[PDB]
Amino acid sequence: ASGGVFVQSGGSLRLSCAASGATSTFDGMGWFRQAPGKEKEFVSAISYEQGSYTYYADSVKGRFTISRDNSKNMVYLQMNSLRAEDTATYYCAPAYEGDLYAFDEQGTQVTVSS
């Protein structure tokens, strides 16, 4: 019954996602989110290839930073300056040319309190 992370407004959180590496199908990894009663929203995506793509939703630009560590097969999302409107469940997904592809889901629930 509805457990997650709790962060005060202005605070920070780091998410991580396992990132197995590029396939014929996928060339990166990213996050989307879904807030209560709202549709899924793109958050960020990054290419496995250094320098290829780094996309952000306009609502998170400047506050969230995505990065990759290919030696650890991981991607990370540093979420700074959190605000109440960032309250959502966050989901990792593989990317192809920046678009995110989900099959099957789980997720990390995040509540940001003003």
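All residue numbers refer to positions in the sequence shown, first residue = 1.
If you average the C-alpha B-factors over 22-30 and over 52-60, the higher value belongs to 22-30.
Look at the mean CA B-factor for 42-50 and for 64-72 in the entry; the higher one is 64-72. In the deposited entry, the Cα temperature factor of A1 places it in the highest third of its chain's modelled residues. Looking at the C-alpha B-factors along this chain, the one for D99 belongs to the lowest third.
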